[PDB]
Amino acid sequence: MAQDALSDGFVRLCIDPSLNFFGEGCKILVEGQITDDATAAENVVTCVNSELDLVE
Amino acid sequence: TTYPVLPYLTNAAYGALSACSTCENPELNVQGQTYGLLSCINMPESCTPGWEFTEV
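Each value, and the rule that gives it
Residues numbered from 1 in each chain as written, not as in the entry; some residues may be left out. Chains lettered and ligands numbered in written order. Part of a larger assembly, values for the part shown. Heavy atoms only, no water. Helix = DSSP H or I, 4+ residues; strand = E, 2+ residues; numbered from the N terminus. Buried < 20%, exposed > 50% of the residue type's maximum accessible area, 1.4 Å probe, protein only. Areas by Shrake-Rupley, 256 points an atom, 1.4 Å probe, with all protein chains shown as cover. Disulfide = S-S within 2.5 Å.

As recorded in the entry header, the structure was determined using cryo-EM to a resolution of 3.56 Å.

Per the PDB entry, the recorded name for chain B is Tail sheath protein, and the organism is Agrobacterium phage 7-7-1. The title assigned to this entry in its PDB record is "Agrobacterium phage 7-7-1 neck 2 + tail terminator + tail sheath + tail tube".

Looking up chain A in the PDB entry gives the name Tail sheath protein, with the organism given as Agrobacterium phage 7-7-1.

Written out as structure tokens, the structure reads:
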């Protein structure tokens, strides 16, 4: 129920500073070596989505 | 279960509100706080929904 203006459920509201609108565009491929702790599967094509997933 | 009003009192008021009092224009929907507000069948106010959201 909370605040009246949102009570009836006509409008379902989300607040998020990390979304994005773009329909996925052009696709790019990267290739190289890896070090031993790399949990990624060797010789397997993978998706990426952030710069911190590295190392892991 | 804990609805603190005699049920037939509310049913009658809502049914009357849906009567020609509002449905001489048959396309009109009875909802929300502009139209679905059947006149005040006074009741105590509380910080308890009665119907939990999942129940809703």
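*Asks:* Whenever I open this one, the overall build of chain A confuses me. Can you help?
*Replies:* The secondary structure content of chain A amounts to zero helices and zero strands. Based on the C-alpha atoms only, the size of chain A along its principal axes is roughly 55 × 25 × 15 Å. Classification of the 56 residues of chain A by burial places 0% in the buried group. Counting only carbon and sulfur atoms, one obtains 58% of the accessible surface of chain A, whose full area is about 6400 Å².

*Asks:* How should the state of the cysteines be read in this particular structure?
*Replies:* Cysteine pairs can be covalently joined through their sulfur atoms, and such a bond is termed a disulfide. If you walk through the whole model with that rule in mind, you get zero disulfides over all chains. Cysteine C47(A) remains unbridged, with the sulfur of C26(A) as its closest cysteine sulfur at 13 Å. We classify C47(A) as exposed; its relative accessible area is 58%. In this structure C20(B) is not part of a disulfide, and its nearest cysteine sulfur, from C23(B), lies 8.1 Å away.

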